[PDB]
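J.: Please read through the structure below; I'll follow up with questions.
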Amino acid sequence: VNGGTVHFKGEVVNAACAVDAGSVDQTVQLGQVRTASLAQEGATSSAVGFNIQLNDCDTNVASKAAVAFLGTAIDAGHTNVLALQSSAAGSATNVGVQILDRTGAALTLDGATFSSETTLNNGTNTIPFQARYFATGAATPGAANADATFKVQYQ
Amino acid sequence: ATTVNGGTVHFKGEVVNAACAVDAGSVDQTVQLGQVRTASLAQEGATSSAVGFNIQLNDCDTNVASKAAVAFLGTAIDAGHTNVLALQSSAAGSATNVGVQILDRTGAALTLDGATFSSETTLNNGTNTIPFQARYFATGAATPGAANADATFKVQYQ
Amino acid sequence: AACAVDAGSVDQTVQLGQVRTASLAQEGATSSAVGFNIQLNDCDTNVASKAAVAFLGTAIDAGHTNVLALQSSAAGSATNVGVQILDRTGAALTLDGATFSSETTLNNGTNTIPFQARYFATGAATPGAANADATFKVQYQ
Amino acid sequence: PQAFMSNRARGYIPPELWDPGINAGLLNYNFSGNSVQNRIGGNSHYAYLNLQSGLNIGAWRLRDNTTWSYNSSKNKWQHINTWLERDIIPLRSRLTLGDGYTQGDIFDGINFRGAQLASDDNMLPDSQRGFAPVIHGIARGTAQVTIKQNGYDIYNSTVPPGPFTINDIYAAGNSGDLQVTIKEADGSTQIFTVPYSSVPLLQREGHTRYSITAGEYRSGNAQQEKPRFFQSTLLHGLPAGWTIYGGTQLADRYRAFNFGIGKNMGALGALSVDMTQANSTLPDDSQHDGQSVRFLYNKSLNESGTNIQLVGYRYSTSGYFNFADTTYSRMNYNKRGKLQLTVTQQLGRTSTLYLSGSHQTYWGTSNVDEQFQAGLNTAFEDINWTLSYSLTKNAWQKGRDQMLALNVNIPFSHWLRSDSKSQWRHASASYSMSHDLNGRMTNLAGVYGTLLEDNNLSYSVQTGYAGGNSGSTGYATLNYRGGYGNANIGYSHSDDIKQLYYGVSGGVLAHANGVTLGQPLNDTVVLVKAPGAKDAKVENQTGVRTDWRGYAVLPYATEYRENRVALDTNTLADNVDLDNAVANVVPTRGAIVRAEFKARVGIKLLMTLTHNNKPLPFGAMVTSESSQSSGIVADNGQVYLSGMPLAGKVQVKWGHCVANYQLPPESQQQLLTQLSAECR
Amino acid sequence: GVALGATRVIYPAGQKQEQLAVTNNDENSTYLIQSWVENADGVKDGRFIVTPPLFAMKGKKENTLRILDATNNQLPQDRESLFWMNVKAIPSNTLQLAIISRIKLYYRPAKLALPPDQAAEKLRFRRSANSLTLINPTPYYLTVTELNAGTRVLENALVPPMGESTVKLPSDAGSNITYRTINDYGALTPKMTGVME
């Protein structure tokens, strides 16, 4: 006619954000280098924009995660220019790629992190970044594919 | 040689058919749901993996009671979700927008009122086990923490 | 007589307690057996050496003459069940007045004879009170 | 557009990935024994053994149930139920030959013995289960839709310039308000809201459920006969929040047809009205024709998330009988009206008043069965207290039959610190106080909890006092859930009654790789197989560890779902390293799936390899055929290897090294060893 | 894109292994996961060895990283120690991006004078010209989030145990100070106020 009681004990644990960079395989396409256009140090190229999505996580934890970019620099003076990483006949000379902020401020590659200011889109949290080829004196008709590393400090 | 007569022997007894109640040790029960993530419970209606647990009855006879069922009494997080339990606050920290739900052998939820009984079952002569499933139910985004909830169940015999 | 039966044996009551209908659901099933005893006083070995006990009672059925009947009242009594008495060797005793138990050697002075009382249900047991009574004869050789 | 595109629901698993299981036997045993001692009648012994045999071959699952009883005076094996179940994927249904039960909700519950074929809702993805409105829309231009609840968003997705139907909305409770907001890059936002209230009889838009049962009728009562009957049930979800549901019950003497509709009116609530017309033959030769109309109403959230009301009415005219009434014996008062009124009111975010009222009137006998229940549960911090009151005035002069109960549960963590190392943190104090409103009093105070590292051994010691008689009763139980079975020991002490319970439950699988013992099984099971890893505890479960062969069985696994089987690497032998510590399986109903794990048994090695005094390049593959081990060079020529012999050689294929190495017994005894070895 | 099981891993003292899950939500993605542990100064260290240091993950899969201790009880047993656990997912003209996720590993001594609950409230604020320094007498690493000085947020802060972290303060801020620390599981403690003691 009567019974007792049953209790349930468990834990709900937060999960770190899953980071997706642009297209599949964390690859963002860029336009071909123009030999005529890339002549002087200030010569630039078309600005191809990509976005990084921090999905499968809460917006609160996503917005508090510091963001930084790092890698290798082609020259000591060109701190904000990624060094192209290609060892073949398609390697270009005296060129690089630059990662750029929304407004147009170059991003340092040392590793100095900052806030993420994630835009809470309808889908998830997103952060847009910019990429453009940067000339440093000369241009060579070659595939100047480079590599950069993305650092997220989950505070 | 000699056969004489003694007194009498009076036998006193009573044949009784005994009823049944909750099995010893199944009165107060604890179930460990485990660890669940916000990815699993990130939006309203999301449910975690169910964990089984059984309620046992002993010395049940078919003649005295053919069928039986149980009803769980608890606290609802909101009047809208009356079929989920409510987790108690803890000093370390309690999870937000999450609760505990109880299913049946048919996979249907149970109203946590004291009168909404579950589906009937056939009583075997003797030990009888009724299975149930505990699940996590999230009403919106579920903040991480510790989820502990309690429920009181009563059994009726038919 | 060669021996004296104490009052605790002449007039006494033995309680078998409550039983479960599951333990006697089918015919031939028996419940747990309790143990009582009868005390014989001033037993003389020279006059008699062997003692036996015969039980007299009301058999439930002609085919089952080793089971006592129930005489609780005219209503509210258990049906299709009876009680049984087992001697020292553990065998059922016929309720005829001339069927004595196993012969036991008598020691000078005070002796005791232990018996067991149990239930025995044919068919299907039913709830209700169960009371019984039986007279006995003691034989001294 | 989205509507034309074959979009899949959230959490959708293709039927190809569903694992039928393995060909294996099965045997679940549950032995219980009670020694009862009383001063009046000495002592007695009782023993009950429940044995569920089973065999899963192909997709068919045969299950058989047997019971053995022993009292202290004979052995009696008794069959209960046998069934050969199976699941059919093209029909999205489940078939069962042999015994079983009728899950009919429109009709009454029936136990039968024959062929059943019923659609199962568990194979559907968890998103499209229960009741939830589907959204149809036309979006001019590419749009972004954010179907959002009153609290937060639910479904956010992109939609092409065309028709779109969204059916992935979760149940979101009984009642809810969905605001559909469409935002286009060109025009302004367009918003429209829809409320919904659900009833169990309602179905989703375009959802069909069916059940076809045929065969003889079975019941526990021996008075009733065993007639053959057929029962069909159909539930369909019409467009625009309607539901059409019907049914037919047929036998030699009883022919009933049920027709009903249901509506989701939105803010007003939800409704369900049905009518059942039955022509029956009583135990005698008399024939009776009748009808019964059932009505169900579910109100939305009254006030602001405070009150919820349910009203269930049922009027049965004179001449309507269920199937049992017909199938009674050859020679052996109907319900005029039954009303249920349920009101739930939540206040203070803690207290939850539940009021239930049942009112039944019969035919001829004007006696009224009234049942009024009022519960109040409150969870104030750790303390949880419940006060309940009940009243029952039945037809057969049951009187007031009032009852009151008060249960308070207080965990010890309310006083112990958060990071206490004592076992008292896994305990609580329970106090129950029951009045019968006539002086009949029952108090019971006790403690309970767990005291093992895995929280397997659960203890519960409770004393109590019953007062008119004045009886003090003790009740102490210990339940251990180990890797080989569950063992429970209980002791109930009374004024003159001493009960000792002892029970063991377990399961045995006669799979291909020998016999595996484990905890009692619950339908679907997962056979974790990690040979060479003895005594490895699995995660998210209590007291489930591998035996000496590395084989264990999980008690419960969710059917047609993605559930994770993980081995706790912390409580594992330092000599064994798992190649994969987490596996994923998708079991079918009543199936045994193998979650195979690979475990290397040798020592754990960290080797620094250099070629020509230069570290090996990044990404190079290092393999050892002496014990079948592999690894990838991390950096500075550092490579990790698992399962390696004390003396041996490895080979590196950067794009053909050979490297010899030897280790001391101290290194083999150490947890992880580090060494250096040059290439050739 | 790979994801970690938790944003904050607490390693108790006296153990040998800690378990951390790494999962791949993408169904079609081949990755190489390389993980390690650095000290509080961002320097690669051999104090904690993550096994397997580098492994290939194919498709949607979840793997377990075992952090093996090598401290030999040389770390202080009075306060928590901070380490950074890094997991880097190499996606094995176009530039490729390798994602590094850094989480906080708390080497927590077994016996501590204060439970973690009371550590959140016992934070003191020393305000001055262009400074709102945070004193943390409690022996726990405290993560202060949205430190509002009346009507303006300053920034996130990480105060070491028995430490005085420094944060710049514009002079326009109000006297009232409100904050909230992150607990063990990663949630946010309900907002507290901060006294000037």
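The way I read the labels, and the way they are meant: chains A, B, ... in the order of the structure tokens, residue 1 as the first residue of every chain, and ligand 1 as the first ligand shown, with later ones counted on from there.
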Give me, as a list in words, all polymer residues having an atom no more than 7 Å from residue 48 in chain C, counting only C-alpha atoms and skipping those fewer than 5 positions away in the same chain.

T.: residues 2, 140 and 141 of chain C

J.: Could those selected residues go to a file with C-alpha atoms, as a PDB file, in the first residue's frame?

T.:
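Dumped everything to selection-v4.pdb:
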```pdb
ATOM      1  CA  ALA C   2       4.690 -48.577  35.898  1.00  0.00           C
ATOM      2  CA  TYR C 140       4.330 -50.321  29.659  1.00  0.00           C
ATOM      3  CA  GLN C 141       5.737 -53.809  29.098  1.00  0.00           C
TER       4      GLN C 141
END
```

J.: Could you name the residues that touch residue 90 in chain B at 8 Å or less, counting only C-alpha atoms, but leaving out those on the same chain fewer than 3 positions away, as a PyMOL selection string?

T.: (chain B and resi 93-94+146) or (chain D and resi 381-382)

J.: Which of these, A:5, A:149, A:113, A:126, has the shortest distance to residue 66 in chain A once you count only C-alpha atoms?

T.: A:113

J.: Just list as a PyMOL selection string whatever in range 15-78 of chain B DSSP marks as strand (DSSP E or B).

T.: chain B and resi 15-16+21-22+28-37+47+51-60+67-73

J.: Taking only C-alpha atoms into account, find every residue of chain B that has an atom no more than 9 Å from chain C, and write it out as a ChimeraX atom specification.

T.: /B:1-18,61,125

J.: Determine which residues of chain A sit within 12 Å of chain B, taking into account only C-alpha atoms, and present them as a ChimeraX atom specification.

T.: /A:1-18,55-61

J.: Quick one: DSSP helix (DSSP H, G or I) residues in range 328-428 of chain D, as a PyMOL selection string?

T.: chain D and resi 412-414+423-425

J.: Can you tell me which residues surround range 105-122 of chain B at a distance of at most 8 Å, considering only C-alpha atoms, apart from same-chain residues fewer than 5 positions away, and format the answer as a list in words?

T.: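 Contacts, with the query itself left out: residues 66, 67, 68, 69, 70, 71, 72, 73, 74, 75, 76, 82, 83, 84, 85, 130, 131, 132 and 154 of chain B; 220, 354, 356, 373, 374 and 375 of chain D.
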
J.: Which is closer to residue 90 in chain A than all the others in E:156, E:93, E:131, E:175, using only C-alpha atoms?

T.: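 So, comparing all the options, the nearest one is E:93.
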
J.: Would you kindly return, as a PyMOL selection string, each protein, DNA or RNA residue with an atom no farther than 7 Å from any atom of range 144-147 of chain E, considering only C-alpha atoms and excluding same-chain residues fewer than 4 positions away?

T.: chain E and resi 153-158+178-182

J.: If you count only C-alpha atoms, which residues fall within 10 Å of range 105-111 of chain A, apart from same-chain ones fewer than 6 positions away, as a VMD selection string?

T.: chain A and resid 67 to 73 78 to 82 98 to 99 129 to 130 148 to 151

J.: Could you give me, as a tab-separated table, a per-residue list for chain E showing, wherever an atom lies at most 9 Å from an atom of chain B, the closest pair of atoms and their distance in Å to one decimal, using only C-alpha atoms and sorting by chain then residue number from low to high?

T.:
```
residue	atom	partner	partner_atom	distance
E:5	CA	B:37	CA	8.4
E:116	CA	B:92	CA	7.8
E:117	CA	B:92	CA	5.6
E:183	CA	B:92	CA	8.0
E:184	CA	B:92	CA	8.6
E:185	CA	B:145	CA	5.9
E:186	CA	B:144	CA	6.6
E:187	CA	B:144	CA	5.6
E:188	CA	B:143	CA	8.7
E:189	CA	B:93	CA	7.6
```

J.: Using only N, CA and C atoms, please write the residues we just selected to a file, as a tab-separated table (two decimals), in the first residue's frame.

T.:
```tsv
chain	number	residue	atom	x	y	z
E	5	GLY	N	37.07	17.38	-23.18
E	5	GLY	CA	35.99	16.99	-22.28
E	5	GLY	C	35.60	18.09	-21.31
E	116	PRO	N	36.86	24.19	-1.21
E	116	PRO	CA	36.74	25.05	-2.40
E	116	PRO	C	35.55	26.00	-2.35
E	117	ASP	N	34.52	25.70	-1.57
E	117	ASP	CA	33.33	26.55	-1.54
E	117	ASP	C	33.66	27.92	-0.97
E	183	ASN	N	33.66	28.27	-10.67
E	183	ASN	CA	33.83	27.16	-9.75
E	183	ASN	C	34.54	26.01	-10.46
E	184	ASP	N	34.54	24.83	-9.83
E	184	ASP	CA	35.28	23.69	-10.36
E	184	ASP	C	34.73	23.26	-11.71
E	185	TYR	N	33.41	23.09	-11.81
E	185	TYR	CA	32.82	22.49	-12.99
E	185	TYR	C	32.79	23.42	-14.20
E	186	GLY	N	33.14	24.69	-14.04
E	186	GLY	CA	33.14	25.63	-15.13
E	186	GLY	C	31.97	26.58	-15.16
E	187	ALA	N	30.95	26.36	-14.33
E	187	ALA	CA	29.83	27.28	-14.26
E	187	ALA	C	30.26	28.58	-13.59
E	188	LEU	N	29.33	29.51	-13.46
E	188	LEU	CA	29.59	30.80	-12.83
E	188	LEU	C	28.84	30.88	-11.51
E	189	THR	N	29.58	31.16	-10.44
E	189	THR	CA	28.95	31.40	-9.15
E	189	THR	C	28.07	32.65	-9.24
```

J.: With only C-alpha atoms counted and 8 Å as the cut-off, give the residues of chain D in contact with chain E, each with its shortest interatomic distance in Å and the pair that gives it, as CSV.

T.:
```
residue,atom,partner,partner_atom,distance
D:417,CA,E:115,CA,7.0
D:418,CA,E:115,CA,6.3
D:419,CA,E:115,CA,5.9
D:569,CA,E:19,CA,6.9
D:570,CA,E:17,CA,5.8
D:580,CA,E:63,CA,6.3
D:581,CA,E:64,CA,6.0
D:582,CA,E:63,CA,5.9
D:583,CA,E:62,CA,7.6
D:631,CA,E:55,CA,7.5
D:632,CA,E:54,CA,6.5
D:633,CA,E:54,CA,7.5
D:634,CA,E:54,CA,5.7
D:640,CA,E:52,CA,6.6
```

J.: Give me, as a list in words, all polymer residues having an atom no more than 8 Å from residue 462 in chain D, counting only C-alpha atoms and skipping those fewer than 3 positions away in the same chain.

T.: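 The filter keeps residues 444, 445, 446, 447, 474, 475 and 476 of chain D.
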
J.: Output C-alpha atoms of each residue in that selection to a file, as a PDB file, in the first residue's frame.

T.:
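Wrote it out as part22.pdb, contents follow:
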```pdb
ATOM      1  CA  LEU D 444      10.209   5.433  11.124  1.00  0.00           C
ATOM      2  CA  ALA D 445      13.641   7.060  11.376  1.00  0.00           C
ATOM      3  CA  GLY D 446      16.761   5.739   9.721  1.00  0.00           C
ATOM      4  CA  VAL D 447      19.939   6.297   7.749  1.00  0.00           C
ATOM      5  CA  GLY D 474      14.410  -2.686  13.109  1.00  0.00           C
ATOM      6  CA  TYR D 475      15.216  -3.074   9.424  1.00  0.00           C
ATOM      7  CA  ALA D 476      18.802  -3.278   8.140  1.00  0.00           C
TER       8      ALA D 476
END
```

J.: Within 8 Å of residue 441 in chain D, counting only C-alpha atoms, which residues qualify if same-chain residues fewer than 2 places away don't, as a VMD selection string?

T.: chain D and resid 433 to 436 439 443 466 to 468

J.: Would you kindly report the residues of chain E within 8 Å of chain A, using only C-alpha atoms, as an mmCIF file with C-alpha atoms, in the first residue's frame?

T.:
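out39.cif, written as the output of this step:
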```
data_model
loop_
_atom_site.group_PDB
_atom_site.id
_atom_site.type_symbol
_atom_site.label_atom_id
_atom_site.label_comp_id
_atom_site.auth_asym_id
_atom_site.auth_seq_id
_atom_site.Cartn_x
_atom_site.Cartn_y
_atom_site.Cartn_z
ATOM 1 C CA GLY E 1 37.081 20.264 -35.080
ATOM 2 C CA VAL E 2 38.248 18.411 -31.993
ATOM 3 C CA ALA E 3 36.878 19.270 -28.561
ATOM 4 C CA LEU E 4 38.042 18.613 -25.016
ATOM 5 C CA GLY E 5 35.994 16.991 -22.280
ATOM 6 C CA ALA E 6 36.318 19.887 -19.842
ATOM 7 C CA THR E 7 37.669 23.429 -19.730
ATOM 8 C CA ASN E 25 32.356 15.847 -33.799
ATOM 9 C CA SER E 29 37.758 14.615 -40.837
ATOM 10 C CA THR E 30 41.219 13.097 -40.411
ATOM 11 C CA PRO E 91 44.349 18.613 -40.093
ATOM 12 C CA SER E 92 46.227 15.880 -41.943
ATOM 13 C CA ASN E 93 47.325 27.670 -52.837
ATOM 14 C CA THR E 94 45.751 27.383 -49.382
ATOM 15 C CA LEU E 95 46.898 27.954 -45.803
ATOM 16 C CA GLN E 96 46.086 25.244 -43.260
ATOM 17 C CA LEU E 97 45.117 26.077 -39.678
ATOM 18 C CA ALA E 98 46.164 23.952 -36.703
ATOM 19 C CA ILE E 99 43.996 24.582 -33.645
ATOM 20 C CA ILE E 100 45.615 24.666 -30.197
ATOM 21 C CA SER E 101 43.332 24.489 -27.171
ATOM 22 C CA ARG E 102 44.853 25.352 -23.794
ATOM 23 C CA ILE E 103 43.112 24.289 -20.594
ATOM 24 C CA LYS E 104 44.012 24.799 -16.956
ATOM 25 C CA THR E 143 39.269 33.175 -11.778
ATOM 26 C CA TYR E 185 32.817 22.488 -12.994
ATOM 27 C CA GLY E 186 33.141 25.629 -15.131
ATOM 28 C CA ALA E 187 29.827 27.277 -14.255
#
```

J.: Between CA of residue 200 in chain D and CA of residue 174 in chain D, what distance in Å does the model show, to one decimal?

T.: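 Going from CA of residue 200 in chain D over to CA of residue 174 in chain D, I get 9.4 Å.
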
J.: CA of residue 99 in chain C and CA of residue 27 in chain C are how many Å apart?

T.: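 Straight-line distance from CA of residue 99 in chain C to CA of residue 27 in chain C works out to 24.7 Å.
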
J.: Quick check: residues of chain D within 10 Å of chain A, only C-alpha atoms, returned as a list in words.

T.: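 The answer, sorted by residue number, is residues 144, 145, 146, 153, 155, 156, 157, 158, 407, 409, 430, 432 and 540 of chain D.
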